[PDB]
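# Examining the three-dimensional arrangement
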Amino acid sequence: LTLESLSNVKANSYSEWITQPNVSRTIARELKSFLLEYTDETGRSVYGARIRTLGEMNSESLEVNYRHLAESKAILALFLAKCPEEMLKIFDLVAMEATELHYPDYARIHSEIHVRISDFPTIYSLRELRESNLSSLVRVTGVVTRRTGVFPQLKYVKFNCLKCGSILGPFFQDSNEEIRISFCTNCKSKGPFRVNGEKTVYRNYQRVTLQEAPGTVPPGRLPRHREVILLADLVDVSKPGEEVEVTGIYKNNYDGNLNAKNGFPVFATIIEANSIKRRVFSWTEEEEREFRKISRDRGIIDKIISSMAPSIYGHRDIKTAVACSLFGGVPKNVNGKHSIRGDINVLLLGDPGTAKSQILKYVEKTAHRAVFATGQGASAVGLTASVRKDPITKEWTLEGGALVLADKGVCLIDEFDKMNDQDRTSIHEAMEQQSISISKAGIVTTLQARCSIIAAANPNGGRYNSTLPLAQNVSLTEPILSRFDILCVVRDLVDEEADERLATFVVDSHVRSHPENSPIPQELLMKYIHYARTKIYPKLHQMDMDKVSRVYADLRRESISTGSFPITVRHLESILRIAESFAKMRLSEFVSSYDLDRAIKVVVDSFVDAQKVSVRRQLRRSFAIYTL
Amino acid sequence: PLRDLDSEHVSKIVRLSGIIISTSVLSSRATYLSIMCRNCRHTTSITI
Amino acid sequence: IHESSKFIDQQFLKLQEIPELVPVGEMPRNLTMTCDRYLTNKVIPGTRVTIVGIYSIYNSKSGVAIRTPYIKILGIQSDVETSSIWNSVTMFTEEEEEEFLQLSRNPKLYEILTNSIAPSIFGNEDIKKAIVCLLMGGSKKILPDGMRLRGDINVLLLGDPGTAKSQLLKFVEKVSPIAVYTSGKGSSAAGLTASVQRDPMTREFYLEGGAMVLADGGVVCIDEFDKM
Amino acid sequence: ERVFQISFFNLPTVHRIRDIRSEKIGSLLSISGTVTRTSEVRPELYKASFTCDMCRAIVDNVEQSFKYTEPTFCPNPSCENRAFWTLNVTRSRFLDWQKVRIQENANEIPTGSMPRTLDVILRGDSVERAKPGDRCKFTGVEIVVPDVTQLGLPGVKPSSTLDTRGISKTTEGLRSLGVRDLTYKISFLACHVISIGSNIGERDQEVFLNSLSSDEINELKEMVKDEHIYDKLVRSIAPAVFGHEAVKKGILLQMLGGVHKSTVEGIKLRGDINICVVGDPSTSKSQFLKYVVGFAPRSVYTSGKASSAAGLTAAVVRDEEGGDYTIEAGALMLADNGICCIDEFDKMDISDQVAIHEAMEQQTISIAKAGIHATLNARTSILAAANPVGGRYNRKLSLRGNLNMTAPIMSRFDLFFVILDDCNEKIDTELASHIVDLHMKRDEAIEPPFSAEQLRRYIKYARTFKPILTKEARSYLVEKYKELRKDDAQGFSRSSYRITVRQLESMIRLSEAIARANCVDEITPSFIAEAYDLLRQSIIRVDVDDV
Ligand SMILES: Nc1ncnc2c1ncn2[C@@H]1O[C@H](COP(=O)(O)OP(=O)(O)OP(O)(O)=S)[C@@H](O)[C@H]1O
Ligand SMILES: Nc1ncnc2c1ncn2[C@@H]1O[C@H](COP(=O)(O)OP(=O)(O)OP(O)(O)=S)[C@@H](O)[C@H]1O
Ligand SMILES: Nc1ncnc2c1ncn2[C@@H]1O[C@H](COP(=O)(O)OP(=O)(O)OP(O)(O)=S)[C@@H](O)[C@H]1O
Ligand SMILES: [Mg+2]
Ligand SMILES: [Mg+2]
Ligand SMILES: [Mg+2]
Ligand SMILES: [Zn+2]
Ligand SMILES: [Zn+2]
Ligand SMILES: [Zn+2]
């Protein structure tokens, strides 16, 4: 037939029209022609290149643009829009033949090609779906809330007869309904036939709950939700909590005896997803060369610190501590017996309104594995490990908590002072031995909790006191204060010049944020940080020894002079650990004397800031050589 | 990995890792059972 | 006919992905597994295992043709072996028996054992000697009147922060055949002493755990002993 | 064929939810009620298509009378069996279906009774015209729905036996019969839905002005040209309250609010203004909240003790011990893009305070209970009334000493209004005269410059404007923030609470609200100065005993 004759319809509906064999083979021929000959008048066929790429990477998905099919064969685009199931089946057979022409043995390897329609023009929200959209193609936006596990769904079903024992040839399984068998062809009987899963072929199946994104929801109304079924190649592509656009067939669930609660013949609906599009710390070979180029620069550490938290103004010491915590040191197990922690723990103790929460959020966006937890609030991952039974599923799960989940990563704890006893024991154990022991519900085990910790806390009474020292200013007991490497005390002393630039920064953010209206870019910095944590592992040599013992001996006796809380071995280890993170920002295999001096500066500045006002003025002049 | 299991692994030997969270009690399955007809008294054995 | 029928043992296990590598917003995913005969009772819950098995199919009476996956266990490998009185081994080969006898004939066995205790800790030689004495224990006495005399040695280390007493506790935890390291208030989800709770399925009393009981016949290292 | 629906409206009488009687079943009738829960729009089997199981020929356009039916005619001559069919969902014809749950209105509730609910079904174009938390008038038919719940109720329940009098039988051998229960509950099927205002008496301004007629646009613009419009507005807020002009200013700015801004990072800047009123007992703090809930649209009034964490944000509800779970919106969702009035905030326990400040920072409500995972909007302003520790407000202590609320509660309030009771002869004399005059004269002792209807019209007009800062405005704002910080630095402990950056952001928000009050698109430095003065006299100086 012809395209104009395809536009005219003889059957009652479009589905029965496409169902006719002459019309179906005409559609298949026209779709094969369109797949073969289509070009953008640039001398290149995009679909031939796509077929070659999917053949070379061994993929069962062919991404087909809807605009290309619409401009060339408008009636076929209309047929795909209104009756997508059988149209997609036909064009899947067409694309399978097109791939077969390119690769002859691709059929025995895969035997299935799924066509993913891209750039469907009309976009529906979840609240405006009606029955007119049923059995039609729809493109909707939404945020994924939860996803099930991947299940095997029958694809090529193979049966065996109980009377004879013979295995009867495979049948394709429709995804819409269950298929059954009534004849044996060997016994010529209608006897009981059993499915054997050994010879049956399966495809992946997943269910995803999609809700309307809260920004698009009208004010008084609730966000609507739908169930989206993801097939074999589409499973586990959408992490819960991310916003996607799904194109698929809007259809009805079939359930026994409908719904007895309503009193009306009411059907549940789903979206059978044809395609998923999303609205990664992988570096290429060129990106590694660019990393070496930017790390060769002398002011790489200054530039990294300045790139820390662009929304935060004027807090250079906090940004330096964040840079050390993100880059981290080298954990070392010497001869098996003795273990030394190699990740920096930072505690931001500050008065309210000092933007600690924004810093924690920046670290969460920046770090590879960052887990946010809070002592005061409830809508967060808990810090304590547990074994819990689902009240619906009746199936137990072991959760390690935020500290175990942030293993080889970052744990960001907001409201550090407001914990209960169980959380305090959990973070105490995690900072003590980097593990969490659980003996509950028959499970006795130890989970690895080698997580760097960045915490935010407030002083007692809502304001820091300079005359009192650090231990009196917090409810935190001394052993949990000792485990932190960097202790950033932040107070907003009223200085007119500082308040002027801070207010100017806030107002300029407000003005640029209005709808009617040196730093490394963050995408590059994120991969640079991930590369440094897994590739460098800086080391130090034996001739650098004579200086660190020199300064540390000059440290402790000064702490003897004023009677403050002492410099222990932990301060020396914090010096040697922070220096291994400064050599990671330089991407250097050795730890230099300049990185070591900068680490000494950070540790001494954190020690002096933690003192009372009487001790601080004496300690500042004695260590002015190290602070510079 | 447990979440990288696929329909391509169905009815095939897989090597995989994890933590065991529960072990049930031991059930008793029949390997050899001798059976007798109720009224016929025909005696048969089934080996599993 | 049950008196002439034969039976074996079947066990259901549940394997979960390790909680260290789980997406933050997702419940960890698990699988039901079946073992039989000599593969049963070879693993306790909490053990990290490698498993060779058949990824298999069953139908449970959410999709027209959906099957729940499960594993028929063919082999279990315990990556690490937990230490307790029940899992302790009493058998000794002849070569290690003779090798340990060559240790006892050394007049400086005491010195080399004290030097082997925490080599990366400077000083505290008396504490290291006391740790050697604590690790051995003493002769236990059971008397004809029934009054039991203990032989285990308890050692307290009071002192200033940053003096490697916690590292000594960790080293004793590592070197002891059976050892549990906890704080005074216990662990994150493992209590101190003994916990007697009810069975999660049958509601009957059982011993959930505890530091001092799990390390029976061993050493309990209690850090921050004052806060309890 | 197109499905046509007739919607009747303007019935002479509207019936209360408790006036529903069995005599009106199958009759056109009007009810009013508060929408508490709404369901997803679902397809309903209107005209089904079946195939006979052994004929295997298609039939269509079989009408469905409520519960699911199958035909017994089968005009195909192939079969001799009527009962056996199967239904295909693809060829079937469907309709819009929504079940919305409505509740008795507060004034309609009898003296000691609890409110009772009713499930009303919307079909066709009437779906989604009902929203949780508003008062709707439904016109439709009173229908009856099968109910298995009434099994254990006392009284004789009607049953339905098949009559066997004209059936010839033989006792040939080889006596079972089927009986079904007739138990029902009354439901409503509404053809027309109209939303009455939740008050006693759409973002684009071009859309809003088209709804008003030209004559009412004339008084709207006439209020616009008034040079003393701010004084009229602040005097028209809560005329029952005598004095307290600063609280009326703050409440007017809360009803106007600020603009919601989002940066390139993705963080959201809150435009809602939160007010907390603290002070001595019987200083008319509850009068402000009762005025706001009765006046402002999409506003709820809650007590601190009577509230719950699920009742304030959202609750997952078990229904009829059935496997389905539902979500009912809490107080902050019912007041989304409105004001939630929380009286006796100090009496609220710590868990509910945590659950509500989570919505105060995040502007959202997270649900992870049971099998329901959802994020809901909570873009609501908060007007709270609190009592200090010990009843009286202590002059010696700070603001944090008097209040039992958490620091996350206290930091997010833009304005704290401390109303102190001082016994002076004059002010007590005019206050007593005003209150007794209210009791004597009822409505005509209230003389606002603007009526409630025109005030709501002006506020709805003013909310369409989105003010922007000017070049001089930014510099004046920075200088005002520096003056605030220097004043606290000089005051030390004499200040009630210290100015941080959050107070600068609240001053920006208040300046935007003031610019909305005067219906200007650009913020004047005078408006910033007025916001500065309001925030300055919001803070009171702490008295210190002499040494
Ligand atoms: N130096 C700064 N640079 C930029 N913004 C700042 C700065 N200091 C404060 N802010 C702003 O002030 C506000 C403080 O909010 P949060 O950081 O959430 O509160 P916080 O600092 O965590 O203190 P809490 O929560 O009361 S203990 C935010 O809007 C910040 O953007
Ligand atoms: N003599 C030492 N030799 C080697 N490392 C030492 C020595 N003294 C302290 N350290 C190190 O100092 C760090 C502090 O650990 P510990 O001293 O064990 O903590 P602790 O302060 O003794 O325990 P507390 O009292 O509960 S805080 C560890 O990294 C030790 O390796
Ligand atoms: N300034 C005022 N103008 C008019 N009526 C007032 C004024 N102050 C008090 N009243 C009346 O005194 C009574 C106080 O009622 P409320 O508003 O409940 O007091 P309150 O300020 O909320 O104090 P608490 O916290 O409830 S004890 C009411 O009858 C008010 O009408
Ligand atoms: Mg904060
Ligand atoms: Mg210690
Ligand atoms: Mg009151
Ligand atoms: Zn057969
Ligand atoms: Zn027999
Ligand atoms: Zn028929």
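Shown numbers run from 1 along every chain as its sequence is written, which may differ from how the entry numbers residues; residues without coordinates are omitted from display. For naming, the first written chain is A and the first written ligand is 1, with later ones following in the order written. Bear in mind the chains here are only a fraction of a larger assembly, and the values reflect that fraction. Only hydrogens and water are set aside; all other atoms, that is, all heavy atoms of the structure, feed into the side-chain values. Residues with missing side-chain atoms are left out of burial classes, side-chain pairs and their counts.

Below, the discussion takes up the nonpolar core. In this structure, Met255, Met405 and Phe416 of chain D are the most contacted members of the largest nonpolar core, which totals 108 residues. Helix numbers and strand numbers start at the N terminus; a helix is a DSSP run of H or I with at least 4 residues, a strand a run of E with at least 2. The leading source of residues in this core is helix α14 (residues 501-517) of chain D, at nine residues. Residues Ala456, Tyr552, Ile578 and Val615 of chain A belong to the second largest nonpolar core, which totals 63 residues. We define a nonpolar core as any set of buried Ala, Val, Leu, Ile, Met, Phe, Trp, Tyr and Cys residues linked to one another through side-chain atoms lying within 4.5 Å. Burial classes follow relative accessibility: with a 1.4 Å probe on protein chains only, a residue under 20% of its type's maximum area counts as buried, one over 50% as exposed, and anything between as partly exposed.

With that settled, consider the interface of chain D and chain A. Each side of the interface is counted separately: chain D has 77 residues, and chain A has 65 residues. Buried area is a sum: the accessible area each of two parts loses on coming together, probed at 1.4 Å, counted once for each and added. Of the roughly 6400 Å² buried between chain D and chain A on both sides combined, carbon and sulfur atoms contribute 60%. Summed over the three residues of chain D that lose the most area to chain A, namely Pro43, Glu128 and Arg485 of chain D, the buried surface amounts to 9% of that side. Between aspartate 324 of chain D and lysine 261 of chain A there is a salt bridge whose closest N-O contact spans 2.9 Å. We define a polar contact as two N or O atoms separated by no more than 3.5 Å, with the added condition that, inside protein, one atom must be a possible hydrogen donor and the other a possible acceptor, whereas residues neighbouring each other in sequence contribute only through side-chain atom pairs. Summed over the shared surface of chain D and chain A, the result is 15 residue pairs in polar contact. Whether two residues are in contact is decided by their heavy atoms, any of which lying within 4.5 Å being enough. When a carboxyl oxygen of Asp or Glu is within 4 Å of a side-chain nitrogen of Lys or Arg, the pair counts as a salt bridge.

Residue and element names in this part refer to chain D. Note that water is not among the atoms used; donors are N, O and S atoms within 2.8 Å of the metal (3.2 Å for Na, K and Ca), so sites may look incomplete. Bound to the zinc ion (ligand 9) on the protein side are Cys52 (SG), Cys55 (SG), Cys74 (SG) and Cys79 (SG), at distances that span 2.3 Å. Seen from the zinc ion (ligand 9), its four donor atoms lie at angles of 80 to 125°, and the figure they make is irregular. For the zinc ion (ligand 9), the donor residues sit on a single chain with the sequence spacing C-x2-C-x18-C-x4-C. Pair noted here: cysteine 52 is in strand β2 (residues 42-52) and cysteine 79 is in the loop between β3 (58-63) and β4 (85-103), with a separation of 27 residues, a long-range link. Given a relative accessible area of 2%, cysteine 52 falls into the buried group. Taking relative accessible area as the criterion, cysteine 79 reaches 7% and is therefore assigned buried. Geometry assignment treats four donors as tetrahedral when all angles are between 85 and 135 degrees, treats four as square planar and six as octahedral when opposite donors are over 155 degrees apart and all others between 65 and 115, and treats everything else as irregular.

This paragraph deals with the pattern of salt bridges. If charged atoms from side chains of opposite charge come close, those side chains can pair. Scanning all chains against the criterion turns up 58 salt bridges over all chains. Residues joined by salt bridges that share partners form a network here, namely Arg139, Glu243, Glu245, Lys277 and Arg279 of chain A.

With that settled, the discussion passes to the interface of chain A and chain B. Taken together, the 14 residues of chain A in the interface contact seven residues of chain B. Interface area lost by chain A to chain B is led by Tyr202, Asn204 and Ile443 of chain A, which between them contribute 40%. At the boundary of chain A and chain B, one finds zero salt bridges. On inspection of chain A and its partner chain B, the count reaches four residue pairs in polar contact. Counting only elements with at least two residues in the side of chain A that touches chain B, the list comes to β4 (151-161), β7 (201-211), β16 (396-399) and β19 (443-448) of chain A. The residue classification treats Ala, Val, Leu, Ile, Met, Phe, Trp, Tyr, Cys and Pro as nonpolar and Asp, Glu, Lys and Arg as charged. All others, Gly included, are polar. Along the lines of polarity and charge, the residues of the side of chain A that touches chain B split into seven nonpolar, three polar and four charged.

This part covers the site of ligand 3. Residue and element names in this part refer to chain D. By convention in this text, a residue qualifies as near a molecule or strand provided that one of its non-hydrogen atoms is within 4 Å of it. The immediate surroundings of ligand 3 are formed by 15 residues, with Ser282, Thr283, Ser284, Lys285 and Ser286 found nearest. Backbone polar atom of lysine 285 to an oxygen atom of ligand 3: 2.6 Å apart, as the coordinates give it. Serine 286 is positioned such that a nitrogen or oxygen atom in its side chain is 2.9 Å from an oxygen atom of ligand 3. Protein chains bury 72% of the 650 Å² of accessible surface belonging to ligand 3 in isolation. Mapped onto the shell around ligand 3, the elements with two or more residues apiece are α5 (285-295) and α11 (425-441). Among the elements that make up the shell around ligand 3, the one with the highest residue count is α5 (three residues). Along the lines of polarity and charge, the residues of the shell around ligand 3 split into six nonpolar, seven polar and two charged. We get accessible surface area from the Shrake-Rupley algorithm with a probe of 1.4 Å; when it comes to residues, only the shown protein chains can shield them.

In this section: α14 of chain D. Residues and elements named next belong to chain D. Look at α14: 24 Å from first C-alpha to last across 17 residues, which is about the 24 Å you get at 1.5 Å a residue. Within α14, 15 of the 17 residues are buried, which leaves the element mostly enclosed by the surrounding structure. The backbone nitrogen of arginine 502 lies 3.2 Å from a side-chain oxygen of the residue at the head of α14, namely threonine 500. Looking one or two residues beyond α14, the residue adopting positive phi is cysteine 519, at roughly 60°. One less than the residue count of a helix, multiplied by 1.5 Å, gives the span that helix is expected to have.

Time to look at a negative patch on the surface. A contiguous patch of negative charge on the surface is contributed by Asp495, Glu496, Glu497 and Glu500 of chain A together with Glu479 and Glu483 of chain D. Among the secondary structure elements, those contributing two or more residues to the negative patch are α17 (496-512) of chain A together with α13 (471-491) of chain D. For the negative patch, the element with the most residues is α17 of chain A, which contributes three residues. By secondary structure assignment, the location of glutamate 479 of chain D is in helix α13. Here a patch means residues that are over 30% exposed by relative accessible area and free of salt bridges, tied together within 9 Å if like-charged and within 5 Å if nonpolar (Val, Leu, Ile, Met, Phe, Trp, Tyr). Only four residue types enter the tally: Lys and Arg on the positive side, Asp and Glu on the negative side; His and the chain ends are excluded. A charged residue contributes its charge at one atom only: NZ of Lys, CZ of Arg, CG of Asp or CD of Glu.

Looking now at the coordination of the zinc ion (ligand 7). Residue and element names in this part refer to chain A. Around the zinc ion (ligand 7), the protein supplies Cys161 (SG), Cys164 (SG), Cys184 (SG) and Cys187 (SG) as donor atoms, at distances of 2.3 Å. Around the zinc ion (ligand 7), the four donor atoms are arranged such that angles at the metal cover 101 to 115°; this shape is classified as tetrahedral. Each donor residue of the zinc ion (ligand 7) belongs to the same chain, and together they define the spacing C-x2-C-x19-C-x2-C. Separated by 20 residues along the polypeptide, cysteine 164 in the loop between β4 and β5 (167-172) and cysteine 184 in the loop between β5 and β6 (193-195) bring together distant segments of the chain.

Residue and element names in this part refer to chain D. Each axis is a line fitted through C-alpha atoms, and for a helix only the stretch in contact is used; angles between axes span 0 to 180 degrees, taken between their N-to-C directions. The interhelical angle for the contact between helix α2 (residues 214-225) and helix α12 (residues 452-462), taken along N-to-C directions, is 75°, at an axis separation of 11 Å. If you check the angle between α2 and α12, you find them roughly perpendicular. The segment α2 lies against α12, with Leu220, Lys221, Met223 and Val224 engaging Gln454, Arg457, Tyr458 and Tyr461. Residue classes in the contact of α2 with α12 are distributed as five nonpolar, one polar and two charged. For classification purposes, an angle smaller than 35 degrees is called roughly parallel, one larger than 145 roughly antiparallel, one from 65 to 115 roughly perpendicular, and anything else oblique.

In this section: the domain arrangement of chain D. Residues and elements named next belong to chain D. If you check the domain split of chain D, you get domain 1 (14-42 + 96-147 + 183-197), domain 2 (43-95) and domain 3 (214-544). For the pairing of domain 1 and domain 2, the buried interface totals around 530 Å² over both sides, and the portion due to carbon and sulfur atoms is 70%. Broken down residue by residue, the surface that domain 1 buries against domain 2 is led by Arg42, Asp96 and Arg123, which jointly contribute 54%. The interface formed by domain 1 and domain 2 holds zero residue pairs in polar contact in total. For the side of domain 1 that touches domain 2, the secondary structure elements donating two or more residues are β4 and β6 (135-146). Each domain's extent was defined by an automatic or database domain assignment.

This paragraph deals with the packing of helix α4 (residues 245-256) of chain D against α5 of chain D. Residue and element names in this part refer to chain D. The interhelical angle for the contact between α4 and α5, taken along N-to-C directions, is 30°, at an axis separation of 12 Å. In terms of their interaxial angle, α4 and α5 are classed as roughly parallel. The two elements α4 and α5 cross, and the hand of that crossing is right-handed. Contacts from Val247, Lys248, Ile251 and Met255 of α4 reach α5 at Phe288, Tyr291, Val292 and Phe295. Along the lines of polarity and charge, the residues of the contact of α4 with α5 split into seven nonpolar, no polar and one charged. By convention the crossing between two helices is left-handed if the near helix lies anticlockwise of the far one by an angle smaller than a right angle, and right-handed if it lies clockwise.

With that out of the way, let us pick up the sheet that holds strand β20 (residues 452-457) of chain A. Residue and element names in this part refer to chain A. In short, DSSP must find at least two bridges between two strands for them to pair. The strand order across the open sheet built from five strands is β14-β17-β20-β13-β21, with neighbouring strands paired in parallel fashion. The two strands at the open ends of the sheet, each matched to only one other strand, are β14 (370-374) and β21 (486-490). Along the sheet, successive strands turn relative to each other by an average axial angle of 15°, direction set aside. Here four bridges tie strand β17 (residues 410-414) to β20, and the two strands are oriented parallel to one another. For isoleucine 413, the partnering residue across the bridge sits in β20 and is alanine 455. Packed on one face of the sheet, helix α11 (residues 316-327) meets β13 (346-350), β17, β20 and β21 and runs near 155° to β21. On the sheet, helix α12 (residues 356-366) packs against β13, β14, β17 and β20 and is oriented at approximately 160° with respect to β17.

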